[PDB]
Each structure stands twice: as structure tokens, then as C-alpha cells.
**Student:** 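Just passing along the structure, written as C-alpha cells.
Numbered from 1 within each chain, the chains take letters A, B, ... in sequence-line order. Just the heavy atoms: all of them, side chains too, but no hydrogens, waters or symmetry mates, feed the values below.
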Amino acid sequence: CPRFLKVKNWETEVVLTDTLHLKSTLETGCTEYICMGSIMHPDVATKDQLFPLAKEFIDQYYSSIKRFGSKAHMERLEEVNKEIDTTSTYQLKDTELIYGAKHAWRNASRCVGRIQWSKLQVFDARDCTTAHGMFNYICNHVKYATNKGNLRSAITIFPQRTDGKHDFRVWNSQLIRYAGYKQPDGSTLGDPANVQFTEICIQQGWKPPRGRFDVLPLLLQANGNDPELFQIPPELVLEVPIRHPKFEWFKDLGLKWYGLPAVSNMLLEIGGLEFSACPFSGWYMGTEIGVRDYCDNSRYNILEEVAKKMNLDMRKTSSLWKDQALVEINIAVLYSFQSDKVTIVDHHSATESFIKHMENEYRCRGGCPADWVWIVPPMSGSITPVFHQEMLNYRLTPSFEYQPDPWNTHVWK
Amino acid sequence: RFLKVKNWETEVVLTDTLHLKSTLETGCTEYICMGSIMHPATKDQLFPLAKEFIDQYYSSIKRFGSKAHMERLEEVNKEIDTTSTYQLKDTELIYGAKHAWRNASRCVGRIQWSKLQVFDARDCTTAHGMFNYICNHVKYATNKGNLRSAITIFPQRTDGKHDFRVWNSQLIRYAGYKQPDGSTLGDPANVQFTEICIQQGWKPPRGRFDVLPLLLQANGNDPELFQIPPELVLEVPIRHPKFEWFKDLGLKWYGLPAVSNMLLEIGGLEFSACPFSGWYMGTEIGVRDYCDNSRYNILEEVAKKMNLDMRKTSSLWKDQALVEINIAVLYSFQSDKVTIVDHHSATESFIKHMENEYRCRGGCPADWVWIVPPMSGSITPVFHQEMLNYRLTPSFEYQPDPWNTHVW
Ligand code: HEM
Ligand code: HEM
Ligand SMILES: Cc1cc(N)nc2cc(-c3ccc(OCc4cccnc4)c(CN)c3)ccc12
Ligand SMILES: Cc1cc(N)nc2cc(-c3ccc(OCc4cccnc4)c(CN)c3)ccc12
Ligand SMILES: Cc1cc(N)nc2cc(-c3ccc(OCc4cccnc4)c(CN)c3)ccc12
Ligand SMILES: C[C@H](O)[C@H](O)[C@H]1CNc2nc(N)[nH]c(=O)c2N1
Ligand SMILES: [Zn+2]
């Protein structure tokens with residue numbers, strides 16, 4: 001691979017030079033003859049696999065605290081190696097855990113919000129042993145992160161994988177989501193994105209209220225055991241009713257959303273260790289609610305209704321009635337969150353911050369991996385500064401990774 | 001190996017076998033993806049490329065290994081021997097030009113690919129001849145508003161010292177004027193080329209919609225200026241179906257998008273002048289040509305006349321104004337019966353085109369970064385469509401601007 005790679009911004013003419021890509025450790029899925037950059041997704045480590053991965057991480061950590069080659073560095077290497085030698089694994093120090101979690105976010109090429117990466121509150125839950133204990137840790141995370149609407153980014157890290165038969169998992173895809181119910185006539189009540197998980201909860205014993213906005217229970221698996229249901233205390237679930245600064249009729253749609261986006265189905269990888277339960281949360285970009293959650297066809301799909309109540313012609317697509325209604329919904333989402341003092345960021349501000357962040361990372365770190373397909377917002381792409389920004393995508397570790405859905409792999413006791 | 005691509009909205013899965021036929025590199029590696037980078041002969045090299053292209057041509061008309069195929073191969077072999085190049089048959093020129101479009105991974109309009117009018121201009125020798133061929137192209141393609149896809153192909157490169165080049169980036173573009181007081185009159189995308197035309201003798205009217213002259217280079221000679229006869233330049237006054245004040249902004253645009261600065265490559269031969277034209281997708285005017293920072297940038301004025309709060313970005317005033325500008329463009333073209341497609345219809349057709357290509361061809365190279373429109377991305381069907389990008393030949397390629405190479 002070439003040692004310097006240049007990326008250009010076609011609006012400002014700024015050219016940046018990337019050297020960090022040389023530290024890339026994982027495959028992208030592309031080859032020299034095919035690019036898979038729009039593909040959504042393109043047994044444990046042996047002793048011998050784990051040694052180099054741990055040394056790589058430990059070296060990186062000691063370089064970061066400006067103690068590379070030191071006595072403490074060499075001692076840590078020796079102590080990790082003895083642990084892997086005698087137990088086939090090792091334990092991270094608290095300092096290393098915190099560093100590893102912050103850098104998995106810093107390295108998340110699909111995240112536009114990384115300007116905040118170093119202000120992450122890390123909760124160490126590696127002493128957890130039961131689903132009830134997982135529920136306690138998750139409730140504390142939700143309350144801290146919500147902070148009465150002044151949201152704070154946070155991650156809670158449960159015990160790492162051992163033999164793969166004792167995994168901790170949150171079966172929910174996010175800690176707070178709304179249920180969806182397939183009706184016998186084919187329609188859906190609630191959130192169509194969550195029909196399958198809702199059905200799993202109902203089999204596991206949940207009594208569904210069967211409304212549009214029913215917070216799903218937590219489904220928590222500790223130490224490889226069968227998962228258990230818990231209702232999040234509703235006073236911990238901050239919600240915002242959606243209204244519009246101009247259209248008085250918008251509140252009559254009866255929409256609301258929850259304040260806290262907390263993804264709970266990803267895997268955190270640090271120094272070859274695998275943390276299969278690591279829920280993390282930030283705050284929303286408005287389009288994540290207003291474009292995707294409401295207007296996606298396999299979601300709430302109320303573009304039609306808003307268009308109708310706006311009395312747009314819906315016969316010609318070239319009237320752009322869909323585009324007009326989409327902007328209005330996203331105006332309402334941003335207005336409702338700001339009015340209730342719940343942290344939210346519009347797509348103009350977020351993308352402007354990410355450009356400043358990318359520039360700083362190129363300056364101080366030698367690069368910033370970024371996935372243009374995900375960084376550019378799902379509406380008004382070209383009037384945001386990331387549209388004209390060239391980006392290089394590559395995979396650094398520590399990292400957040402995808403993992404299979406637990407119901408496809410769980411061995412029922 | 002076979003590769004699958006999934007639409008996450010319809011859950012339709014397609015299987016790509018066509019990518020196995022590519023031999024040009026994309027710029028990515030196993031460790032770094034350059035999918036958002038804009039730009040990532042000899043007789044010895046020339047025969048295999050010719051052989052590959054002849055083979056796929058005779059495989060396309062289903063006469064692979066025929067008497068005609070065998071003789072054409074030997075014919076091409078002898079011609080590269082004794083002249084270090086070769087000439088395409090007319091049928092091959094048409095085939096290659098249609099397939100360069102079919103293979104253009106960044107083009108959302110490819111459902112039309114086999115309806116392309118191919119003008120053979122390989123007998124041209126002078127810039128005056130180029131002007132005549134280009135006028136004929138513009139008149140044919142414009143067709144009084146019922147636009148028709150066309151390409152005009154000038155002589156291929158020989159030694160690199162005698163290139164034919166159209167210096168304009170499009171056959172029809174408006175001038176841009178760098179003002180003393182900082183800003184820009186006309187089109188800011190074209191400020192540099194406008195100055196190259198003035199430096200060549202062009203008397204600029206210094207208006208806002210000054211059609212640039214053609215600057216035409218034949219056989220490596222210095223380029224010469226020509227004014228396209230104005231009755232050939234179809235234009236559309238931009239007005240808005242509900243905002244009666246919109247017409248008072250004074251805006252218009254031209255009907256015919258004709259890209260003239262790219263290179264067409266067929267069987268190892270390079271055609272450095274090959275203007276090709278279609279019709280517009282509305283966002284190419286209403287989003288990029290009018291609202292980019294380095295373009296007309298009227299966004300601010302439209303939102304003014306709509307009386308939107310512009311103090312905070314979270315009012316999405318930019319987004320509201322962008323939708324209304326694009327409504328006006330589509331309304332204006334359609335009212336004047338000038339061909340134009342909206343980004344919803346165009347992406348719908350592209351998904352249909354992908355389905356056709358996977359069925360009859362085993363795939364369709366597609367560049368999601370370019371296929372997804374510059375506004376309202378996720379409420380169009382291409383947003384949720386996985387795409388594989390790979391390079392097939394014949395193709396359209398980028399080339400350096402001629403003013404950075406040409407020896408005067
Ligand atoms: C602090 C405010 C944050 C904002 C505004 C934000 C914004 C976003 C957005 C808009 C996306 C893409 C969502 C979509 O595709 O619709 C994303 C993805 C992502 N975010 Fe952030 N994010 C934030 C915080 C965080 C934190 C705290 C973490 C981890 C500690 C994180 C890790 C990720 C990851 C891993 C992805 C990629 C998901 C995937 O690959 O499937 N983000 N973020
Ligand atoms: C017939 C109607 C057509 C439509 C609606 C259309 C639409 C588009 C659009 C919207 C783009 C992206 C432009 C941008 O946003 O910057 C594009 C790119 C492109 N189009 Fe088409 N197009 C059409 C016809 C054609 C024809 C006739 C040809 C060639 C014979 C062609 C070749 C290309 C190529 C090569 C590109 C990519 C340019 C690059 O790689 O830089 N298109 N098209
Ligand atoms: C902390 C945080 C804040 C925020 N403001 N936003 C966030 C969005 C994601 C995110 C977005 C889309 C995702 O989706 C991938 C996908 C979707 C459907 C099918 N396959 C794959 C996932 C993966 N859980 C996470 C993750 C974290 C976020
Ligand atoms: C036939 C046709 C119809 C249409 N309706 N639309 C079209 C748009 C393009 C096109 C768009 C963007 C481009 O830009 C790439 C670029 C710009 C500046 C510097 N490097 C690279 C180019 C290449 N000139 C062509 C080409 C052809 C088009
Ligand atoms: C990442 C990306 C995706 C996409 N889908 N499209 C993109 C279009 C441009 C772009 C490049 C050059 C442009 O202008 C020509 C130019 C010439 C010389 C110097 N700078 C600029 C314009 C203005 N239309 C847009 C840049 C990046 C793009
Ligand atoms: C097929 C396509 O890759 C897929 O729909 C992606 C595209 N880009 C995206 N970008 C973001 N931020 N979020 C998404 O869910 C997606 N979906
Ligand atoms: Zn790639």
C-alpha cells in the first residue's frame with residue numbers, strides 16, 4: 001500500500017493527507033476489482049491468535065499515554081502474556097477498558113457524531129453475573145445518559161466472551177424501542193421495524209398493550225443462560241410528543257418518540273477480547289427520527305398523511321409532495337425536541353461538526369476513517385458539507401462490530 | 001465467486017456474476033475503500049484489448065467463433081501490425097458506444113442505454129468540421145424539446161500529439177465572471193473556462209446567462225472559437241406553480257445536457273472528443289447547478305422571498321428552499337414540453353433497469369455514491385438498494401483538462 005493518500009474537498013479545495021490507513025487491521029470487503037462500499041454487512045480466539053492481538057492493543061495503549069517502551073509497558077506485556085498462557089485469555093485494566101471503548105467509537109467509520117468521542121462515560125459491568133444484575137446496570141445507564149433531557153453519551157460493558165457458550169447478550173437491538181404488531185389482515189400497528197422482536201417477546205411471556213408506542217421489555221441473557229424479560233420503569237423513558245411550529249394539526253397525528261438512542265446489539269472488540277453485550281448511547285440526529293423512523297416505507301410511513309393534511313397533489317411524483325412533507329416532519333421533530341429541552345442535533349450542524357472533527361483527526365492522528373455512504377444524511381445530502389468531502393474508509397481496532405442475532409444461535413437450556 | 005446484493009426495503013436479493021468479467025481496477029483494496037474518491041498505447045498492449053472487444057461483440061450478436069468473427073480477428077491482427085492501431089467498423093462503433101453508456105456505473109439514466117443515436121465523425125480533420133458536427137448534434141438531440149440521446153465520435157488518438165478535444169466541459173454552459181468586489185456574475189463553476197475564452201478573443205456580454213462559445217481543438221492544433229447559433233440553444237424560464245414572485249428572480253437554464261470533456265474507450269482505442277447528451281434529471285439543475293456553494297447559490301434569496309426564519313439551521317430553511325427550487329425547475333420544463341425527469345421517477349426506472357440487467361446480463365455495475373440523488377435520498381428506492389461497483393469496458397473515462405497539456 002502507498003504510504004500517503006490524499007483526500008480532497010471539492011467545495012473548499014482543501015486537501016488532506018492520510019497516513020493512519022497503514023494501521024488498518026481488518027478487511028473492508030472490497031478488492032482491487034470490485035468495491036462493496038454500499039453493502040450493509042461485508043467459537044473463540046485461540047491462544048496463538050490472541051497473543052499478537054493483545055500485544056498490538058497494549059502497544060497502542062502505552063504509545064497513547066506516552067509511555068511506550070517503559071518499564072510499566074514491558075511489565076504489562078509480560079503479565080498479559082502469562083495470563084493468555086495459563087488461562088487462554090486475559091483481563092483488561094480499567095484504564096485499558098476505558099481507552100478501548102472510547103477508541104472503538106473514535107474508529108467507527110459510519111458515525112457522524114465522533115467529534116464527542118473522548119467525552120464517553122464508561123460503566124464497567126464485568127462483575128455482573130445474572131440477568132437481574134444486567135437489568136440494574138441498564139437502568140442506571142438509562143438514567144445517567146438521559147439526565148432529564150441533557151443527554152450524556154455512555155457505554156455499559158458486560159463480561160467478555162470466554163468459551164462462546166456463556167455469552168452475555170442484550171437481545172434488543174436498542175434499549176428503548178416501540179413494539180410492532182402484524183395484524184391478521186396484513187397491516188401493522190406500532191413500529192414495523194420491530195415486528196420480529198416483538199413476537200419473540202410475546203412468546204417469552206410479555207403481555208403486549210397493543211398500542212402504537214409500547215416500549216418493548218428488555219430481553220437479557222447472562223452467562224449463556226436463557227434470556228429473561230424485564231419492564232423498563234416508564235419514568236426512566238423520556239419521550240417527546242411531536243408537534244409543528246406552524247401546522248396546528250400536526251399534534252393531532254398523535255406521534256411521539258423517545259429521547260435516548262441506545263444501541264445494544266453490537267459487539268465491542270478490544271485487544272482480541274469480545275464484549276458481546278456493550279450497550280452504548282448518545283443523542284439523536286433529527287433525521288434518524290424524522291426521515292428514517294417515520295417516512296421509510298417499512299417504518300411508520302406517514303408521509304401520505306402529512307401530505308394529505310398539507311393538501312399537496314399526490315398524483316404526480318414531480319410535484320415533489322414527498323420531499324415537501326419530509327422536510328415538514330423533520331422540522332417538527334427538531335422543534336419538539338428543542339421545545340422540551342431534550343438534546344438533539346440537526347443534520348446541518350452535525351455534518352459541519354464532523355468536517356471540523358475530520359480535519360482535526362487528519363492533523364493530530366494522520367487520518368480519520370469515514371464511510372461516506374453512512375456519513376451523508378438521508379435528506380438534503382448535497383447542501384451539507386460532507387457531500388463534497390472525499391473520505392477514505394478502513395477498519396481500525398478497537399472497533400464496534402456486527403454480530404448475529406442471538407435467537408438464531410442460542411442453545412435453549 | 002458469485003456475489004449477492006439485497007434491497008433492504010423489498011428484501012429482493014440479486015446475484016452478480018457479471019463482475020467476474022472485469023479486469024480494470026477500482027482503486028480499492030482489501031484494506032481501504034476509495035468508493036467516495038472522485039478519481040481513484042502500444043501494439044503490444046493493443047491486440048489483446050482489440051481481441052477482447054471483438055470477442056464480446058461477436059458473442060453479443062451470437063456469432064462467436066463464426067466465419068465473420070474469425071476473419072475480423074485476423075483483419076484486426078494485420079492492421080495493428082502495419083499501422084500500430086486499427087479502425088472499428090460502423091457496427092462496432094455503435095455497439096461500443098452503447099455499451100460504454102451501459103457500463104457507466106455512475107449514471108442513473110441507463111435504462112435508455114440501447115436508445116442512443118451514434119454520429120460517426122471519424123472523418124473530421126479541422127475545428128470548422130468539428131463545429132458543423134457539433135451543431136448537427138445539438139439540433140438533432142434538442143428536437144424542439146423532445147430530447148433524444150446522442151453521441152458524436154471524433155477521430156481517435158494516434159500519437160497523443162494530434163488529439164481532437166472539445167475544451168468546453170459541456171457543449172452548452174453559461175459564463176461566469178470574477179468580479180472586482182469579490183463575488184461572481186453568471187455561473188461560478190465556469191469562471192476559469194470563461195477567462196480562457198476571453199483570453200482567446202471572446203467578447204463577453206457580461207450578463208448572467210451568457211452562452212459560452214465552443215472552443216474546439218482538431219488534430220492537436222490550437223483551439224478555435226465558435227458561437228453556437230442561438231436558435232439551436234433551447235432554454236427554459238424557471239417559474240414556480242404557486243410562488244408568482246419566483247419568475248421575478250430572473251432565472252433560466254438550458255434544456256440540453258451535453259458532456260464534452262470525457263474520453264470514450266473501445267477495444268483499446270481512445271476517442272478524446274466524444275460529446276454525448278441526454279436529458280436532465282431535475283436535481284442536476286435545481287440542487288447542484290443552483291445551490292452548491294461554488295454555484296449560483298440563490299438558496300439564500302429564495303428562502304428570503306418565502307420569509308423563512310434563517311437565523312438557526314435547525315429551522316431547515318435551506319431544505320425548504322431547496323425543495324421549492326426543484327419544484328419550479330420540473331414545473332418549468334414540463335410546462336414548456338422540454339424533456340426532464342424527476343429524481344423519484346429516475347431512480348424507480350433505475351431499480352427496474354438493475355432488475356433487467358441482473359436477469360439478462362448477470363449484473364449491473366452501479367456506484368451508490370453517484371446513483372443516490374443529492375436530495376431526499378432515503379425516500380427514493382436506490383437508497384436501500386445494495387450495489388456492486390466494478391469497471392467494465394467499453395467505458396467513459398476522465399481525462400486531464402486540455403489547457404494543462406497542449407503545447408501551443
Ligand atoms: C453523541 C451523539 C451521536 C450522534 C449524533 C450519532 C450519530 C450517528 C448516526 C446518525 C449514525 C448512523 C445512523 C443511521 O445510519 O441512521 C451513527 C452510527 C453509529 N454510531 Fe454514532 N452517534 C452518536 C454517538 C455514538 C456513540 C456514543 C457511539 C459509541 C460509543 C456511537 C457509535 C456508532 C456506531 C458504531 C455507528 C455505526 C452503526 C453501524 O455500523 O451499523 N455513536 N451515529
Ligand atoms: C438519457 C437521460 C440521462 C439521464 C437522466 C442521466 C442522468 C445522469 C445523472 C443524474 C448523472 C450524475 C450527474 C451528477 O449528479 O453529477 C449521470 C452521470 C453519467 N451519465 Fe448519464 N444520464 C442520461 C444519459 C446519458 C447518456 C446518453 C450518456 C452517454 C452516452 C450518459 C453517460 C453518463 C456518464 C458517463 C456519467 C458519469 C460521469 C462520471 O463518471 O463522471 N448518460 N447521468
Ligand atoms: C449511539 C448512537 C447515536 C445515534 N444518534 N445514532 C446511532 C445509530 C446507530 C446505528 C444506526 C443504524 C444501524 O443499522 C445497521 C443495520 C440496519 C438494518 C439492517 N442491517 C443493519 C445500527 C446497527 N444496530 C446502528 C448506532 C448508534 C447510534
Ligand atoms: C449525458 C448526461 C445526462 C445528464 N442528465 N447528466 C449528465 C451528467 C454527467 C456528469 C456529471 C458530473 C461530472 O463530473 C465529474 C467531475 C467534475 C469535475 C472534476 N472532476 C470530475 C461529469 C464529468 N464532467 C459528468 C455526464 C453526462 C450526463
Ligand atoms: C463525493 C461526491 C459524490 C457525488 N455523488 N458527487 C460529487 C460531486 C462533486 C463535485 C465535484 C466537482 C464539482 O465542480 C467541478 C470542479 C472543477 C474544478 C475544481 N473543483 C470543482 C462539483 C460541482 N457540481 C461537484 C464532489 C464530490 C461528490
Ligand atoms: C443499501 C444501503 O447501503 C443502505 O440502505 C444504507 C445506505 N446508507 C445508510 N446511511 C445511514 N446513515 N443509515 C442507513 O441505514 C443507511 N442505509
Ligand atoms: Zn470500495
**Student:** Can B:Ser345 and A:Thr317 be counted as having a side-chain donor-acceptor contact under 3.5 angstrom?
**Tutor:**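 A:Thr317 and B:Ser345 do not have a side-chain donor-acceptor pair below 3.5 Å.
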**Student:** Sort B:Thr380 into side chain, backbone, both or neither according to what part of it lies under 4.5 angstrom from a heavy atom of chain A.
**Tutor:**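 Interface part for B:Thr380: neither.
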**Student:** Flag yes if more than 12 heavy atoms outside B:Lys6 fall under 6.0 Å of its NZ atom; otherwise flag no.
**Tutor:**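 More than 12 heavy atoms, drawn from other residues, nucleotides or ligands, come within 6.0 Å of this atom.
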**Student:** Could you report the tightest heavy-atom contact between B:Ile379 and A:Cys295, atom names first, then the distance?
**Tutor:**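 Looks like CG2-CB, 4.3 Å.
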**Student:** Heavy-atom distance under 4.5 Å to chain A: side chain of B:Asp342, backbone, both or neither?
**Tutor:**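 It is the side chain, since no backbone atom gets that close.
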**Student:** Before you tell me yes or no, could you show the steps for A:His348 and B:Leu316 under side chain to side chain contact (heavy atoms under 4.5 Å, CB included), namely the whole-Å CA-CA distance, both residues' side-chain angles and the distance that decides it to 0.1 Å?
**Tutor:** CA-CA 8 Å; A:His348 299 290; B:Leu316 308 199; 4.3 Å; yes
**Student:** Should we count CD of A:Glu32 as having more than 12 external heavy atoms under 6.0 Å?
**Tutor:**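 Atom CD in A:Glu32 is crowded, with more than 12 foreign heavy atoms closer than 6.0 Å.
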**Student:** Measure across A:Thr31 and B:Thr26 and return the closest heavy-atom pair with its distance rounded to 0.1 Å.
**Tutor:**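 Taking A:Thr31 first and B:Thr26 second, the nearest heavy atoms are O-OG1, 3.5 Å.
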**Student:** Could you check which of A:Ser38, A:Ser319, A:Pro377, A:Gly381 has the highest count of heavy-atom pairs closer than 4.5 Å to chain B?
**Tutor:**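 Option with the greatest count: A:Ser38.
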**Student:** Please determine whether side chain to side chain contact (heavy atoms under 4.5 Å, CB included) holds for the pair A:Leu5 and B:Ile32, giving the CA-CA distance in whole Å, both sets of side-chain angles, and the decisive distance to 0.1 Å.
**Tutor:** CA-CA 10 Å; A:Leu5 290 172; B:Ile32 188 160; 3.5 Å; yes
**Student:** Where does A:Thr287 contact chain B at under 4.5 Å (heavy atoms): side chain, backbone, both or neither?
**Tutor:**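 For A:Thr287, no heavy atom lies under 4.5 Å from chain B.
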**Student:** Do you know the tightest heavy-atom contact between A:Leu334 and B:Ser314?
**Tutor:**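 That would be CD1-O, 3.5 Å.
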**Student:** Going by atom types alone, do B:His384 and A:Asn297 pair a side-chain donor with an acceptor below 3.5 Å?
**Tutor:**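 Side chains of B:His384 and A:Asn297: no pair found under 3.5 Å.
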**Student:** A:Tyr33 and B:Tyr390: which non-hydrogen atoms are nearest, and at how many Å?
**Tutor:**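 That would be O-CB, 3.4 Å.
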**Student:** Would A:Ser380 and B:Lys318 count as a side chain to side chain contact (heavy atoms under 4.5 Å, CB included) here? Give the steps.
**Tutor:** CA-CA 9 Å; A:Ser380 313; B:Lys318 283 195 183 173; over 6 Å; no
**Student:** Search all heavy atoms of B:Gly35 against all heavy atoms of A:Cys35 and return the closest pair with its distance.
**Tutor:**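 Minimum heavy-atom separation between B:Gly35 and A:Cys35: CA-SG, 4.2 Å.
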**Student:** Please rank A:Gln389, A:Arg395, A:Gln338 by heavy-atom pairs under 4.5 Å with chain B and give me the top one.
**Tutor:**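 Most pairs with chain B among the choices: A:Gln338.
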**Student:** Taking side chain as C-beta onward, heavy atoms only, is A:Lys316 less than 4.5 Å from B:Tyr331?
**Tutor:**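 Counting from C-beta outward, A:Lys316 and B:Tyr331 never come under 4.5 Å.
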**Student:** State whether the number of non-hydrogen atoms from other residues, nucleotides or ligands found under 6.0 Å of A:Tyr362 atom OH is greater than 12.
**Tutor:**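 Yes - once you tally the heavy atoms of other residues, nucleotides and ligands closer than 6.0 Å, there are more than 12.
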**Student:** Given 3.5 Å as the limit, does a donor-acceptor pair link the side chain of A:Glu390 with the main chain of B:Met38, or not?
**Tutor:**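 Looks like yes, one N/O pair under 3.5 Å.
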**Student:** For chain A, find which of B:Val5, B:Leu24, B:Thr10 contributes the most heavy-atom pairs closer than 4.5 angstrom.
**Tutor:**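 Result: the option with the highest number of such pairs is B:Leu24.
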**Student:** Using heavy-atom distances under 4.5 Å, tell me whether B:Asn326 contacts chain A through its side chain, its backbone, both, or neither.
**Tutor:**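 The answer is both parts of B:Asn326.
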**Student:** Shorter than 4.5 Å, heavy atoms on both sides: which option in A:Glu328, A:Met36, A:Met40, A:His21 has the most such pairs with chain B?
**Tutor:**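 Option with the top pair count is A:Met40.
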**Student:** Rounded to the nearest 0.5 Å, what separation is found between the CG atom of A:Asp323 and the CG atom of B:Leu322?
**Tutor:**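 Between atom CG of A:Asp323 and atom CG of B:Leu322 there are 9.0 Å.
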**Student:** What's the separation between atom CZ in B:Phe383 and atom CG in A:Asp296, rounded to the nearest 0.5 Å?
**Tutor:**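 Result: 7.5 Å between the selected atoms.
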**Student:** Give the intermediate values and the outcome of side chain to side chain contact (heavy atoms under 4.5 Å, CB included) for residues B:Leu388 and A:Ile39.
**Tutor:** CA-CA 8 Å; B:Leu388 287 169; A:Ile39 304 292; 4.2 Å; yes
**Student:** Pick whichever of B:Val372, B:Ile327, B:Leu299, B:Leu3 has the most heavy-atom pairs under 4.5 Å with chain A.
**Tutor:**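 Of the options given, most contacts go to B:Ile327.
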**Student:** CZ of B:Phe2: more than 12 outside heavy atoms within 6.0 angstrom?
**Tutor:**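 No, not enclosed.
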**Student:** May I ask you to name which of B:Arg288, B:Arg295, B:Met375 has the most heavy-atom pairs under 4.5 Å with chain A?
**Tutor:**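 Most heavy-atom pairs within the cutoff with chain A belong to B:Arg288.
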